[PDB]
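Here is model-v9.txt, consisting of compact mmCIF, N, CA and C atoms and all ligand atoms:
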```
# COMPACT_ATOMS: atom_id res chain seq x y z
N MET T 1 19.14 1.89 -17.32
CA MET T 1 18.24 0.81 -16.83
C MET T 1 16.87 0.91 -17.51
N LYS T 2 16.44 -0.13 -18.17
CA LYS T 2 15.11 -0.10 -18.85
C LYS T 2 14.48 -1.49 -18.83
N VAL T 3 13.21 -1.57 -18.52
CA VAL T 3 12.52 -2.89 -18.47
C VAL T 3 11.10 -2.75 -19.03
N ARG T 4 10.51 -3.84 -19.45
CA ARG T 4 9.12 -3.77 -19.99
C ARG T 4 8.11 -3.62 -18.84
N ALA T 5 8.28 -2.61 -18.03
CA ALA T 5 7.35 -2.40 -16.89
C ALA T 5 6.87 -0.95 -16.85
N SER T 6 5.59 -0.74 -16.69
CA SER T 6 5.05 0.65 -16.63
C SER T 6 4.34 0.84 -15.29
N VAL T 7 5.09 0.83 -14.22
CA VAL T 7 4.48 0.99 -12.86
C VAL T 7 3.50 2.16 -12.84
N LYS T 8 2.25 1.86 -12.66
CA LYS T 8 1.21 2.93 -12.60
C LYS T 8 0.57 2.92 -11.22
N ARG T 9 0.08 4.05 -10.76
CA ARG T 9 -0.56 4.07 -9.41
C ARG T 9 -1.72 3.08 -9.37
N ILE T 10 -1.97 2.50 -8.23
CA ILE T 10 -3.08 1.51 -8.11
C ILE T 10 -4.22 2.11 -7.29
N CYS T 11 -3.96 2.46 -6.06
CA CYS T 11 -5.04 3.05 -5.22
C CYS T 11 -4.78 4.54 -4.99
N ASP T 12 -5.49 5.13 -4.07
CA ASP T 12 -5.32 6.60 -3.81
C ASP T 12 -4.15 6.87 -2.86
N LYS T 13 -3.21 5.97 -2.77
CA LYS T 13 -2.05 6.19 -1.85
C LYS T 13 -0.71 6.01 -2.57
N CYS T 14 -0.69 5.43 -3.75
CA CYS T 14 0.62 5.26 -4.45
C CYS T 14 1.03 6.55 -5.15
N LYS T 15 2.31 6.79 -5.24
CA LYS T 15 2.82 8.02 -5.91
C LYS T 15 3.96 7.65 -6.85
N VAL T 16 3.89 8.06 -8.09
CA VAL T 16 4.97 7.74 -9.06
C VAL T 16 6.11 8.76 -8.92
N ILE T 17 7.27 8.30 -8.51
CA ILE T 17 8.43 9.23 -8.33
C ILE T 17 9.24 9.32 -9.63
N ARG T 18 10.04 10.34 -9.76
CA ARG T 18 10.88 10.49 -10.99
C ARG T 18 12.34 10.72 -10.59
N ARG T 19 13.22 9.86 -11.02
CA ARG T 19 14.67 10.02 -10.66
C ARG T 19 15.54 9.90 -11.92
N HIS T 20 16.79 9.56 -11.75
CA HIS T 20 17.73 9.43 -12.91
C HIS T 20 17.10 8.60 -14.04
N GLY T 21 16.30 9.22 -14.87
CA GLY T 21 15.64 8.47 -15.98
C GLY T 21 14.89 7.27 -15.40
N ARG T 22 14.74 7.22 -14.10
CA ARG T 22 14.03 6.08 -13.46
C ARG T 22 12.75 6.56 -12.78
N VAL T 23 11.84 5.66 -12.51
CA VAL T 23 10.57 6.05 -11.83
C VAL T 23 10.25 5.04 -10.73
N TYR T 24 9.63 5.49 -9.68
CA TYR T 24 9.26 4.56 -8.57
C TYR T 24 7.79 4.69 -8.24
N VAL T 25 7.24 3.69 -7.60
CA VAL T 25 5.82 3.75 -7.19
C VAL T 25 5.74 3.42 -5.72
N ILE T 26 5.75 4.43 -4.89
CA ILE T 26 5.70 4.18 -3.43
C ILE T 26 4.28 4.40 -2.92
N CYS T 27 3.82 3.56 -2.03
CA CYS T 27 2.42 3.71 -1.51
C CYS T 27 2.30 3.16 -0.10
N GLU T 28 1.31 3.60 0.63
CA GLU T 28 1.09 3.06 2.00
C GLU T 28 0.89 1.55 1.87
N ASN T 29 0.18 1.15 0.85
CA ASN T 29 -0.05 -0.29 0.59
C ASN T 29 1.24 -0.91 0.03
N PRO T 30 1.72 -1.94 0.67
CA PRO T 30 2.97 -2.60 0.21
C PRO T 30 2.77 -3.27 -1.14
N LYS T 31 1.56 -3.64 -1.47
CA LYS T 31 1.31 -4.30 -2.79
C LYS T 31 1.54 -3.31 -3.94
N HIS T 32 1.62 -2.03 -3.65
CA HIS T 32 1.83 -1.04 -4.75
C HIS T 32 3.28 -0.53 -4.77
N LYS T 33 4.18 -1.17 -4.08
CA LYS T 33 5.60 -0.69 -4.10
C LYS T 33 6.31 -1.19 -5.37
N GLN T 34 6.18 -0.47 -6.46
CA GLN T 34 6.85 -0.91 -7.72
C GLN T 34 7.87 0.14 -8.17
N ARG T 35 8.55 -0.11 -9.25
CA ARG T 35 9.55 0.87 -9.76
C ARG T 35 9.85 0.59 -11.23
N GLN T 36 9.65 1.56 -12.08
CA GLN T 36 9.91 1.36 -13.54
C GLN T 36 11.38 1.01 -13.77
N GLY T 37 11.65 0.15 -14.72
CA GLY T 37 13.06 -0.24 -15.01
C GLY T 37 13.52 -1.32 -14.03
ZN ZN T 101 -1.66 2.33 -3.49
```
What's the structure tokens form of this structure?
Ligand SMILES: [Zn+2]
Amino acid sequence: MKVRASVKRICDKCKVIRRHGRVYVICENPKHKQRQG
């Protein structure tokens, strides 16, 4: 899975996760819930 997206942290609550060659962006703020790929 690959997409032209580079989910980066936005505020002091988002965290970039690392999984099967995949990445996620989870945060208390729902506006920062992103995921690479
Ligand atoms: Zn955030």
Sorted by chain and rising residue number, list the residues of chain T at most 6 Å from ligand ZN 101 (chain T) (counting all atoms listed in the file), each with its closest atom pair and distance in Å to one decimal, as JSON lines.
```
{"residue": "T:9", "atom": "C", "partner": "T:ZN101", "partner_atom": "ZN", "distance": 5.9}
{"residue": "T:10", "atom": "C", "partner": "T:ZN101", "partner_atom": "ZN", "distance": 4.6}
{"residue": "T:11", "atom": "N", "partner": "T:ZN101", "partner_atom": "ZN", "distance": 3.5}
{"residue": "T:12", "atom": "N", "partner": "T:ZN101", "partner_atom": "ZN", "distance": 4.8}
{"residue": "T:13", "atom": "C", "partner": "T:ZN101", "partner_atom": "ZN", "distance": 3.9}
{"residue": "T:14", "atom": "N", "partner": "T:ZN101", "partner_atom": "ZN", "distance": 3.3}
{"residue": "T:27", "atom": "CA", "partner": "T:ZN101", "partner_atom": "ZN", "distance": 4.7}
{"residue": "T:28", "atom": "N", "partner": "T:ZN101", "partner_atom": "ZN", "distance": 5.2}
{"residue": "T:29", "atom": "N", "partner": "T:ZN101", "partner_atom": "ZN", "distance": 4.9}
{"residue": "T:32", "atom": "CA", "partner": "T:ZN101", "partner_atom": "ZN", "distance": 5.0}
```
Name the residues in contact with residue 3 in chain T at a cut-off of 7 Å, using only N, CA and C atoms, excluding same-chain residues fewer than 2 positions from it; report them as a ChimeraX atom specification.
/T:1,5-6,36-37
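Here the residues within chain T that DSSP labels strand (DSSP E) on the basis of the backbone are residues 15, 16, 17, 18, 23, 24, 25, 26, 34, 35 and 36 of chain T.
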N, CA and C atoms of the current selection, written as a short mmCIF file (atom, residue, chain, number, x, y, z; two decimals), in the coordinates of the input:
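Contents of selection.cif, as written:
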```
data_model
loop_
_atom_site.label_atom_id
_atom_site.label_comp_id
_atom_site.auth_asym_id
_atom_site.auth_seq_id
_atom_site.Cartn_x
_atom_site.Cartn_y
_atom_site.Cartn_z
N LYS T 15 2.31 6.79 -5.24
CA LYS T 15 2.82 8.02 -5.91
C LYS T 15 3.96 7.65 -6.85
N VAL T 16 3.89 8.06 -8.09
CA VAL T 16 4.97 7.74 -9.06
C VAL T 16 6.11 8.76 -8.92
N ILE T 17 7.27 8.30 -8.51
CA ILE T 17 8.43 9.23 -8.33
C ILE T 17 9.24 9.32 -9.63
N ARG T 18 10.04 10.34 -9.76
CA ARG T 18 10.88 10.49 -10.99
C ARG T 18 12.34 10.72 -10.59
N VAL T 23 11.84 5.66 -12.51
CA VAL T 23 10.57 6.05 -11.83
C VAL T 23 10.25 5.04 -10.73
N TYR T 24 9.63 5.49 -9.68
CA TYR T 24 9.26 4.56 -8.57
C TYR T 24 7.79 4.69 -8.24
N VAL T 25 7.24 3.69 -7.60
CA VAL T 25 5.82 3.75 -7.19
C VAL T 25 5.74 3.42 -5.72
N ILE T 26 5.75 4.43 -4.89
CA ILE T 26 5.70 4.18 -3.43
C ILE T 26 4.28 4.40 -2.92
N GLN T 34 6.18 -0.47 -6.46
CA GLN T 34 6.85 -0.91 -7.72
C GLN T 34 7.87 0.14 -8.17
N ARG T 35 8.55 -0.11 -9.25
CA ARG T 35 9.55 0.87 -9.76
C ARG T 35 9.85 0.59 -11.23
N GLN T 36 9.65 1.56 -12.08
CA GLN T 36 9.91 1.36 -13.54
C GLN T 36 11.38 1.01 -13.77
#
```
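Counting from atom N of residue 26 in chain T, the distance to atom C of residue 4 in chain T is 16.3 Å.
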Some atoms are absent from range 9-23 of chain T, so rebuild N, CA, C and O atoms and return them as a PDB file, keeping the file's coordinate frame.
```
ATOM      1  N   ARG T   9       0.080   4.050 -10.760  1.00  0.00           N
ATOM      2  CA  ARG T   9      -0.560   4.070  -9.410  1.00  0.00           C
ATOM      3  C   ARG T   9      -1.720   3.080  -9.370  1.00  0.00           C
ATOM      4  O   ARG T   9      -2.371   2.834 -10.368  1.00  0.00           O
ATOM      5  N   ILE T  10      -1.970   2.500  -8.230  1.00  0.00           N
ATOM      6  CA  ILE T  10      -3.080   1.510  -8.110  1.00  0.00           C
ATOM      7  C   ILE T  10      -4.220   2.110  -7.290  1.00  0.00           C
ATOM      8  O   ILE T  10      -5.329   2.247  -7.775  1.00  0.00           O
ATOM      9  N   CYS T  11      -3.960   2.460  -6.060  1.00  0.00           N
ATOM     10  CA  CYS T  11      -5.040   3.050  -5.220  1.00  0.00           C
ATOM     11  C   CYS T  11      -4.780   4.540  -4.990  1.00  0.00           C
ATOM     12  O   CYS T  11      -3.957   5.144  -5.645  1.00  0.00           O
ATOM     13  N   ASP T  12      -5.490   5.130  -4.070  1.00  0.00           N
ATOM     14  CA  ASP T  12      -5.320   6.600  -3.810  1.00  0.00           C
ATOM     15  C   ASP T  12      -4.150   6.870  -2.860  1.00  0.00           C
ATOM     16  O   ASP T  12      -4.097   7.893  -2.208  1.00  0.00           O
ATOM     17  N   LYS T  13      -3.210   5.970  -2.770  1.00  0.00           N
ATOM     18  CA  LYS T  13      -2.050   6.190  -1.850  1.00  0.00           C
ATOM     19  C   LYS T  13      -0.710   6.010  -2.570  1.00  0.00           C
ATOM     20  O   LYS T  13       0.324   6.405  -2.058  1.00  0.00           O
ATOM     21  N   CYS T  14      -0.690   5.430  -3.750  1.00  0.00           N
ATOM     22  CA  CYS T  14       0.620   5.260  -4.450  1.00  0.00           C
ATOM     23  C   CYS T  14       1.030   6.550  -5.150  1.00  0.00           C
ATOM     24  O   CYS T  14       0.206   7.312  -5.616  1.00  0.00           O
ATOM     25  N   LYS T  15       2.310   6.790  -5.240  1.00  0.00           N
ATOM     26  CA  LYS T  15       2.820   8.020  -5.910  1.00  0.00           C
ATOM     27  C   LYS T  15       3.960   7.650  -6.850  1.00  0.00           C
ATOM     28  O   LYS T  15       4.907   6.985  -6.462  1.00  0.00           O
ATOM     29  N   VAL T  16       3.890   8.060  -8.090  1.00  0.00           N
ATOM     30  CA  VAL T  16       4.970   7.740  -9.060  1.00  0.00           C
ATOM     31  C   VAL T  16       6.110   8.760  -8.920  1.00  0.00           C
ATOM     32  O   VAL T  16       5.939   9.935  -9.162  1.00  0.00           O
ATOM     33  N   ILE T  17       7.270   8.300  -8.510  1.00  0.00           N
ATOM     34  CA  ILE T  17       8.430   9.230  -8.330  1.00  0.00           C
ATOM     35  C   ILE T  17       9.240   9.320  -9.630  1.00  0.00           C
ATOM     36  O   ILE T  17       9.147   8.468 -10.483  1.00  0.00           O
ATOM     37  N   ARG T  18      10.040  10.340  -9.760  1.00  0.00           N
ATOM     38  CA  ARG T  18      10.880  10.490 -10.990  1.00  0.00           C
ATOM     39  C   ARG T  18      12.340  10.720 -10.590  1.00  0.00           C
ATOM     40  O   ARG T  18      12.662  11.667  -9.896  1.00  0.00           O
ATOM     41  N   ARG T  19      13.220   9.860 -11.020  1.00  0.00           N
ATOM     42  CA  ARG T  19      14.670  10.020 -10.660  1.00  0.00           C
ATOM     43  C   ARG T  19      15.540   9.900 -11.920  1.00  0.00           C
ATOM     44  O   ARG T  19      15.075  10.127 -13.019  1.00  0.00           O
ATOM     45  N   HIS T  20      16.790   9.560 -11.750  1.00  0.00           N
ATOM     46  CA  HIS T  20      17.730   9.430 -12.910  1.00  0.00           C
ATOM     47  C   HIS T  20      17.100   8.600 -14.040  1.00  0.00           C
ATOM     48  O   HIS T  20      17.329   7.414 -14.148  1.00  0.00           O
ATOM     49  N   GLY T  21      16.300   9.220 -14.870  1.00  0.00           N
ATOM     50  CA  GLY T  21      15.640   8.470 -15.980  1.00  0.00           C
ATOM     51  C   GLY T  21      14.890   7.270 -15.400  1.00  0.00           C
ATOM     52  O   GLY T  21      14.445   6.399 -16.127  1.00  0.00           O
ATOM     53  N   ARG T  22      14.740   7.220 -14.100  1.00  0.00           N
ATOM     54  CA  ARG T  22      14.030   6.080 -13.460  1.00  0.00           C
ATOM     55  C   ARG T  22      12.750   6.560 -12.780  1.00  0.00           C
ATOM     56  O   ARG T  22      12.587   7.733 -12.507  1.00  0.00           O
ATOM     57  N   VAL T  23      11.840   5.660 -12.510  1.00  0.00           N
ATOM     58  CA  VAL T  23      10.570   6.050 -11.830  1.00  0.00           C
ATOM     59  C   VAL T  23      10.250   5.040 -10.730  1.00  0.00           C
ATOM     60  O   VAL T  23      10.551   3.872 -10.850  1.00  0.00           O
TER      61      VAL T  23
END
```
